[PDB]
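Student: Shown below is the structure under consideration.
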Amino acid sequence: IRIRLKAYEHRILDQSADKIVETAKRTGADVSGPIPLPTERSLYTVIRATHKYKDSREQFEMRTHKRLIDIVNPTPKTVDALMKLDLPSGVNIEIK
Amino acid sequence: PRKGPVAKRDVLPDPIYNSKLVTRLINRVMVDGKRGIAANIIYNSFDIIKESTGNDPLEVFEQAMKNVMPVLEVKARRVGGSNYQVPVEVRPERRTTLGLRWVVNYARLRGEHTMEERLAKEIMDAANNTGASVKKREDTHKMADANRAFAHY
Amino acid sequence: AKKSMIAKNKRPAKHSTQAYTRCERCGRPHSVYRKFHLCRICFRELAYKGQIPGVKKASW
Amino acid sequence: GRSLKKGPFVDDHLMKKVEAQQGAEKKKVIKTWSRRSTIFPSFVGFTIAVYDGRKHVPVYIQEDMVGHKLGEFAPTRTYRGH
Amino acid sequence: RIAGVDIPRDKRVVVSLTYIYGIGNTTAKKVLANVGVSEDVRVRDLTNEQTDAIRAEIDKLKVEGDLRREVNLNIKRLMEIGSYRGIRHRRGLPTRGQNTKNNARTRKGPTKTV
Amino acid sequence: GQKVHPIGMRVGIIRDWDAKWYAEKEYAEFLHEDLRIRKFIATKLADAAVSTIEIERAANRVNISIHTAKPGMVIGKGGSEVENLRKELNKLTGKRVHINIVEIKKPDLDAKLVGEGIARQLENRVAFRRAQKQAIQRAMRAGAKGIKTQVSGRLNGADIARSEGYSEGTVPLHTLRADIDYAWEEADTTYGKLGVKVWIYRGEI
Amino acid sequence: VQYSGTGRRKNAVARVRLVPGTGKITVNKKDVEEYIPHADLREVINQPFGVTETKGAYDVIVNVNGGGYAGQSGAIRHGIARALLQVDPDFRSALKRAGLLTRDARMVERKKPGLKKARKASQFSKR
RNA sequence: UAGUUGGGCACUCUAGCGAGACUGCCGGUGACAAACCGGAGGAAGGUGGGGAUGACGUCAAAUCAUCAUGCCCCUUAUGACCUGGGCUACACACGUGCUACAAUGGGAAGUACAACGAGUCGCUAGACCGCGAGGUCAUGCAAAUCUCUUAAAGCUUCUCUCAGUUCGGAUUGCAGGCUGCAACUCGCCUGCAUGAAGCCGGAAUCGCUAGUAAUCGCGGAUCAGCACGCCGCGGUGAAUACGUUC
Ligand SMILES: [K+]
Ligand SMILES: [K+]
Ligand SMILES: [K+]
Ligand SMILES: [K+]
Ligand SMILES: [K+]
Ligand SMILES: [K+]
Ligand SMILES: [K+]
Ligand SMILES: [K+]
Ligand SMILES: [K+]
Ligand SMILES: [K+]
Ligand SMILES: [K+]
Ligand SMILES: [Mg+2]
Ligand SMILES: [Mg+2]
Ligand SMILES: [Mg+2]
Ligand SMILES: [Mg+2]
Ligand SMILES: [Mg+2]
Ligand SMILES: [Mg+2]
Ligand SMILES: [Mg+2]
Ligand SMILES: [Mg+2]
Ligand SMILES: [Mg+2]
Ligand SMILES: [Mg+2]
Ligand SMILES: [Zn+2]
Numbered sequence: 006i007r008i009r010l011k012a013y014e015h016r017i018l019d020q021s022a023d024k025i026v027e028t029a030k031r032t033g034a035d036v037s038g039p040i041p042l043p044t045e046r047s048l049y050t051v052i053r054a055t056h057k058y059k060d061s062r063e064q065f066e067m068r069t070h071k072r073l074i075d076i077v078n079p080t081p082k083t084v085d086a087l088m089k090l091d092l093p094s095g096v097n098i099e100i101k
Numbered sequence: 002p003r004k005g006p007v008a009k010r011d012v013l014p015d016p017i018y019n020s021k022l023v024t025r026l027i028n029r030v031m032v033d034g035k036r037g038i039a040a041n042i043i044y045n046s047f048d049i050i051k052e053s054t055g056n057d058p059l060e061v062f063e064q065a066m067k068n069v070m071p072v073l074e075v076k077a078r079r080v081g082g083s084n085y086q087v088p089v090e091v092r093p094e095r096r097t098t099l100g101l102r103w104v105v106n107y108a109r110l111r112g113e114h115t116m117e118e119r120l121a122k123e124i125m126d127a128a129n130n131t132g133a134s135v136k137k138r139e140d141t142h143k144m145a146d147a148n149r150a151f152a153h154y
Numbered sequence: 002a003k004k005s006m007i008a009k010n011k012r013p014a015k016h017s018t019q020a021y022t023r024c025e026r027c028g029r030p031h032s033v034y035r036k037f038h039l040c041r042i043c044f045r046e047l048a049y050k051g052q053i054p055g056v057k058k059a060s061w
Numbered sequence: 002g003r004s005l006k007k008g009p010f011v012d013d014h015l016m017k018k019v020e021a022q023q024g025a026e027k028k029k030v031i032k033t034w035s036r037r038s039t040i041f042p043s044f045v046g047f048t049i050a051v052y053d054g055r056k057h058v059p060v061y062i063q064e065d066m067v068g069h070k071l072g073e074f075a076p077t078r079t080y081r082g083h
Numbered sequence: 003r004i005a006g007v008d009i010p011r012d013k014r015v016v017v018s019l020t021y022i023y024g025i026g027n028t029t030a031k032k033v034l035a036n037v038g039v040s041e042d043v044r045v046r047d048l049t050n051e052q053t054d055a056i057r058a059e060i061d062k063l064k065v066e067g068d069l070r071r072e073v074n075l076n077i078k079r080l081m082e083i084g085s086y087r088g089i090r091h092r093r094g095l096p097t098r099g100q101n102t103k104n105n106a107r108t109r110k111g112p113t114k115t116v
Numbered sequence: 002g003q004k005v006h007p008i009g010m011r012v013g014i015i016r017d018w019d020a021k022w023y024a025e026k027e028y029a030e031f032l033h034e035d036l037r038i039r040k041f042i043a044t045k046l047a048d049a050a051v052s053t054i055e056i057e058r059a060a061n062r063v064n065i066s067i068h069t070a071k072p073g074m075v076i077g078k079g080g081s082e083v084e085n086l087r088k089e090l091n092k093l094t095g096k097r098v099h100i101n102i103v104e105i106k107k108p109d110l111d112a113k114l115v116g117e118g119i120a121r122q123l124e125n126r127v128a129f130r131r132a133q134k135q136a137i138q139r140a141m142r143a144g145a146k147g148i149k150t151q152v153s154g155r156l157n158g159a160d161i162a163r164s165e166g167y168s169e170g171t172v173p174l175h176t177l178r179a180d181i182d183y184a185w186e187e188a189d190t191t192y193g194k195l196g197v198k199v200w201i202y203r204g205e206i
Numbered sequence: 004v005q006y007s008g009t010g011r012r013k014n015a016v017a018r019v020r021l022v023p024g025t026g027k028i029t030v031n032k033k034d035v036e037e038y039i040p041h042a043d044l045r046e047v048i049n050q051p052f053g054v055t056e057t058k059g060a061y062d063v064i065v066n067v068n069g070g071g072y073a074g075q076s077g078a079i080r081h082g083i084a085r086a087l088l089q090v091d092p093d094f095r096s097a098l099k100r101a102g103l104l105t106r107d108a109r110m111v112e113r114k115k116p117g118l119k120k121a122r123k124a125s126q127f128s129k130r
């Protein structure tokens, strides 16, 4: 089984990863990871002013930190365990 | 700058002649950071020198530098309502800089089709104490001598 | 004529190429980000407020 | 240019008008706002009053004119000089 | 010489052919391919037989006065029908839609300071 | 010269996003749904002392944490008011809306609430100096390490607008670690808008 | 027995391995002359051997990627110096005084907003 | 055939947690200070490089056309719908850029090395047709997995031989490709044909102190389509700073 975690904040992301790994390991399944993935970055530059004044800009960046988990020899309990373990809303989670 | 003299960045010696002066010449001839073309041109010029003359091109080029490198320059000074030139001894770093700049500029201005050909010809003439580069050095010393009255300044 | 323009933009366009984006917050036609559906002005305002998830001042 | 597979372009209303007047002993001016419509061999011999943005200018169509858009034959803006 | 124009002698055959009106570098390559003549050989070296074969190929192609007459008829046609392009041609302005506030010097001619 | 937004400067350093959700294909839709939600709440609870709206999304569900200094007023009797709010928000959004109310202890340390108070008083034609002075006093009593306030516009109906401000303690906007709250509020008067700006520097993080 | 090293220059990273031999160098399964056809660059690569007096003693196998040829050459040089430290600690003094061990930190400076390059500014006319 | 497969994560890499640089230590100067000069060590030394960050205020500076708003004006019209046109005009003047004027080059062939980023009706493999722009079938990928994406300068050979040219690529003719309901006004791109001025630029004026200038490409936002502009990335990579009179 494969689990892809994504979040805008690596801190909460790592907390959720710890929870996933701990619950799987407790349920007896073997887990590979957490595997950091290349964090995605998107950049936006906007004119700071509302009218003319092209030179003065400001730059915003949105970062997506991603983690990967691979569960091996999944017990029947682990599948429902990893669906009961509910992550904070700030983390997007994918399974397989 | 205002604070004071800054450090000079070093140049490693040329790979095949084992000289820093050759590397500086390569840099001078380089354009748009195309050091490959620059180094190739310099080596071809030295090959032509070793061909047209049986001597070592490096020694020939050092002789050309000796002939072209100035000794007294003129620095402009604004004295009240009058601005005029003043003779000034040249520090050795500026000597090499002027030598390379003059040689390369007049090499580019020569009439031969290819730059390495022009460069080799100019180097040989300078070593022979003739050519545009030596002429420019003569003019520099001549201007310095004419304004020699201002040495006290 | 901003209100009528906003209404017409909301309505389906007669031809596909006529369809264009306006800042859904203020209706500005220019500089509308597809990801956020906001003009540059409104994007910067809300991003400062911290109400756009993930976005933050860039620096590198 | 216009893709060959697409074929020539003409506004349907203009084409319908010229078609209706094909069997006409004497052609009557066809008034169109459509600049886009391409001229056709059928269009030959007709006088078409094309809108220029302020009024319909008549143009007599000929086999020499065909192959071009109508709007090109009606200038938009006037420049007398300085 | 070949098509009524004395092509340069020293140059390579492909370039000498380009000197003919209506023939560009691609067309020169094509005609030489048909005739079998190598591109590198100079025209002065080219044998009279190769020159005759080249003449045949050019005569197959349209060049010089024929080409010029064709283009002038097209331009005359636009002007006579009074198309927008014809008016551009008549008044010496860009036909292809360029902006004329600046530049346009090629069509306009030398600047007039007034 | 201009200054960076005090909150926007620290978002992602010590302050966190209010819209606490992640989305890729529905990012724009969710963002605009949140904006409409915020506007609707602002209109609805204008009289209540609502400051911060934190929105979390869980699949079709939407959890909304509303911080207020008047939780009783927001809730109503037996949750009647919060329930009416939920139904209206469900109609608005088109999905299940769960609402969680949070009590704003120490309202004197909230930038938006302090700014709102000053704007209300200006609308009622209180002396701007008096409004700002008492706001600063209350904030310092609450324990803010520093506070700064500013009012700009046609003060007292003057034809020439100007800006008058006051401060107390420390408000080092350039110190990133400092927990400085900020908010801009407008008071609609007879002569036009007056801008109110409040900076509140709490215990640094 | 192989002595490993990692070198970096600009965006280039070079994993270097020294194996005793005749001084032959191979990069990405290809000889140094093929890969880096610039004699000056090749001499740069061999500098560490010269200072350590270990000319010809060690053959080098390098897996390098990123950056360009000059950057990858610098990375090879850095990795070679580190590999020599593994071979003999006493080379540290000569290597350090030659400055071969220092990781050249000069990277590309970011383009600034409003400036055409990192420092180049748009041409300015007063009136 | 392939990092392929098995196998291993060692290395690189990725990304969390940390370590590291503090004038911390050594010597000299200094008013027993601040501090300054030099040294050792170290990847990095004195703010290591760069970014973000912009005090009170100044110019009744800019914006009532992002938005909001006091007051004033219009209310079958200064409001609203539609087609077409204009904002793209062109005796002229200026700013900012791109391309050049050639041999440190042009052309042909071969060969090598990046980074930042984008991708669902979106990136599109591979194959076939096309001189080409592209087209057909069709594959993988919501992506460190697939693709855009073998980057260009570069290096190696051949050719051109100082020519307004094999430089230059404007304008123009014809013929096409796309996108789109539609390309005349008024898109970008392709082929053939044509082959403009231009031979390094007066007075004057601009940027830049190192991975910088110079130069070379690559990506992206807007976006059906359309950039020499903007934002960002990497490749190659210099010259000079005596000095503060002006
Ligand atoms: K738009
Ligand atoms: K135009
Ligand atoms: K201009
Ligand atoms: K690490
Ligand atoms: K307004
Ligand atoms: K107004
Ligand atoms: K101007
Ligand atoms: K430009
Ligand atoms: K060549
Ligand atoms: K058009
Ligand atoms: K585009
Ligand atoms: Mg559009
Ligand atoms: Mg010709
Ligand atoms: Mg145009
Ligand atoms: Mg004013
Ligand atoms: Mg104005
Ligand atoms: Mg108004
Ligand atoms: Mg305009
Ligand atoms: Mg010439
Ligand atoms: Mg500086
Ligand atoms: Mg660069
Ligand atoms: Zn907006």
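Chains as they are written, first to last, in PDB author numbering: chain k, 6 to 101; chain h, 2 to 154; chain o, 2 to 61; chain t, 2 to 83; chain n, 3 to 116; chain d, 2 to 206; chain j, 4 to 130.
Backbone N, C-alpha and C fix where the C-beta goes; we use that ideal spot for every residue, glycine too.
Can you name the residues of chain k whose CB is closer than 9 Å to the CB of d/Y23?
Tutor: The count along the sixth sequence starts at 1 and reaches residue 23 of chain d at position 22. The contacting residues are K11, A12, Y13, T69, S94, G95, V96, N97.
Student: Taking only the alpha-carbon atoms, compute the straight-line gap between n/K13 and n/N50 and give it to the nearest angstrom.
Tutor: Taking the fifth sequence and counting its residues from 1, the one referred to as residue 13 of chain n is at position 11. Taking the fifth sequence and counting its residues from 1, the one referred to as residue 50 of chain n is at position 48. Roughly 17 Å between the two C-alpha positions.
Student: Quick one: measure Cβ to Cβ for j/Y61 and j/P23, integer angstroms, because I've assumed they're closer than 8 Å.
Tutor: Here the question's residue 61 of chain j lines up with position 58 in the seventh sequence. Here the question's residue 23 of chain j lines up with position 20 in the seventh sequence. Their Cβ separation, rounded to whole angstroms, is 6 Å, which keeps j/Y61 and j/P23 in contact under 8 Å.
Student: Closer than 8 Å, CB to CB, is k/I52 near chain o or not?
Tutor: Counting from 1 along the first sequence, the entry for residue 52 of chain k is found at position 47. For k/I52, the answer is yes, since a Cβ of chain o falls inside 8 Å of its Cβ.
Student: Given a limit of 7 Å on CB to CB distance, which residues of the segment 10 to 33 of chain h reach chain j?
Tutor: If the cut-off is 7 Å between Cβ atoms, the segment 10 to 33 of chain h has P16, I17 near chain j.
Student: Determine contact between the segment 76 to 94 of chain k and the segment 12 to 29 of chain k, defined as no fewer than three beta-carbon pairs at a distance below 8 Å.
Tutor: Counting Cβ pairs under 8 Å, three or more are found: they touch.
Student: So does n/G99 have its beta carbon nearer than 7 Å to some heavy atom of ligand 2?
Tutor: Counting from one through the fifth sequence, the residue named residue 99 of chain n turns up at place 97. Result yes, Cβ under 7 Å from ligand 2.
Student: Of all Cβ atoms in chain t, is any one closer than 8 Å to the Cβ of n/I77?
Tutor: Position 75 of the fifth sequence, counted from the start, is the residue given in the question as residue 77 of chain n. No, no contact with chain t.
Student: What is the residue span of the alpha helix (DSSP H) that h/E139 lies within?
Tutor: The count along the second sequence starts at 1 and reaches residue 139 of chain h at position 138. First-last of the alpha helix (DSSP H) with h/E139: 133 to 147.
Student: Enumerate, from N- to C-terminal direction, the unbroken beta strand (DSSP E) stretches of 3 or more residues contained entirely within the segment 39 to 68 of chain d.
Tutor: As far as the segment 39 to 68 of chain d is concerned, its whole beta strand (DSSP E) runs of at least 3 residues are 51 to 59.
Student: Is it the case that the segment 79 to 96 of chain n contacts the segment 104 to 112 of chain n, given that we only count it when at least three CB pairs across the two stretches are under 8 Å?
Tutor: Output reads yes: the segment 79 to 96 of chain n touches the segment 104 to 112 of chain n.
Student: Assign t/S38 to one of three DSSP states: helix, strand, or coil.
Tutor: The residue given as residue 38 of chain t occupies position 37 in the fourth sequence. Coil.
Student: Is it right to say k/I100 is buried, meaning 16 or more other beta carbons lie within 10 angstroms of its own, or is it exposed?
Tutor: Taking the first sequence and counting its residues from 1, one reaches residue 100 of chain k at position 95. Burial call: exposed.
Student: Look up k/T50 in the DSSP assignment and say whether it is helix, strand or coil.
Tutor: In the first sequence, the residue the question calls residue 50 of chain k occupies position 45. Of the three classes helix, strand and coil, the one that applies to k/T50 here is strand, per DSSP.
Student: Ordered along the chain, which non-local residues of its own chain (more than five positions away) have a Cβ less than 6 Å from that of h/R29?
Tutor: Residue 29 of chain h sits at position 28 when you count from the first residue of the second sequence. Correct list, in chain order: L101, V105.
Student: When DSSP builds the beta bridges, which residues end up paired with k/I98?
Tutor: As a first step, residue 98 of chain k must be located in the first sequence, where it is residue number 93. Paired residue(s): k/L10.
Student: Does the beta carbon of d/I206 sit closer than 8 Å to a beta carbon anywhere in chain o?
Tutor: In the sixth sequence, residue 206 of chain d corresponds to position 205, counting from 1. By this cut-off, d/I206 is not an interface position.
Student: In angstroms with no decimal places, state the Cα-to-Cα distance between n/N27 and n/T20.
Tutor: Within the fifth sequence, residue 27 of chain n is the residue found at index 25, counting from 1. Within the fifth sequence, residue 20 of chain n is the residue found at index 18, counting from 1. Those two C-alpha atoms are separated by around 6 Å.
Student: Pull the bridge partners of d/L195 from the DSSP assignment, please.
Tutor: Counting from 1 along the sixth sequence, the entry for residue 195 of chain d is found at position 194. Beta-bridge pairing links d/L195 to d/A188.
Student: Considering only residues of the same chain and omitting the five flanking positions on each side of j/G8, which have a CB-CB separation below 6 Å?
Tutor: The sequence position of residue 8 of chain j within the seventh sequence is 5, counting from 1. Correct list, in chain order: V19, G82, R85, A86.
Student: Below 8 Å on the Cβ atoms is my guess for t/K29 versus t/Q22; work out the distance and round it to an integer in Å.
Tutor: What you label residue 29 of chain t is simply residue 28 of the fourth sequence in a count that begins at 1. What you label residue 22 of chain t is simply residue 21 of the fourth sequence in a count that begins at 1. At roughly 7 Å, the Cβ-Cβ gap stays under 8 Å, so t/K29 and t/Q22 are in contact.
Student: If we cut at 8 Å on Cβ distances, does n/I83 have a partner in chain t?
Tutor: Residue mapping note: residue 83 of chain n aligns to position 81 of the fifth sequence, counting from 1. Yes, n/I83 counts as interfacial toward chain t.
Student: Give a yes or no on contact between the segment 173 to 187 of chain d and the segment 34 to 44 of chain j, applying the rule of three or more CB pairs nearer than 8 Å.
Tutor: No contact exists between the segment 173 to 187 of chain d and the segment 34 to 44 of chain j.
Student: Of all the options d/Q133, d/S81, d/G13, which has the alpha carbon lying nearest to the alpha carbon of d/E165?
Tutor: Translated into the one-based positions of the sixth sequence, residue 165 of chain d becomes position 164. Residue d/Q133 is the option with its Cα nearest to d/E165.
Student: Mind listing which residues have their beta carbon within less than 6 Å of any non-hydrogen atom of ligand 22? Chain order is fine.
Tutor: Going along the chain, the residues that qualify are o/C24, o/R26, o/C27, o/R29, o/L39, o/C40, o/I42, o/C43.
Student: How about o/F37: is its C-beta nearer than 8 Å to some C-beta of chain d?
Tutor: Within the third sequence, numbered from 1, the residue matching residue 37 of chain o stands at position 36. By this cut-off, o/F37 is an interface position.
Student: For h/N68 versus h/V135, is the C-beta spacing smaller than 8 Å?
Tutor: Position 67 of the second sequence, counted from the start, is the residue given in the question as residue 68 of chain h. Position 134 of the second sequence, counted from the start, is the residue given in the question as residue 135 of chain h. Against a cut-off of 8 Å, the Cβ pair of h/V135 and h/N68 comes out as a contact.
Student: Please state the DSSP three-state secondary structure of d/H99.
Tutor: Sequence index remark: in the sixth sequence, residue 99 of chain d carries index 98 (1-based). Residue state, collapsed to three classes: strand.
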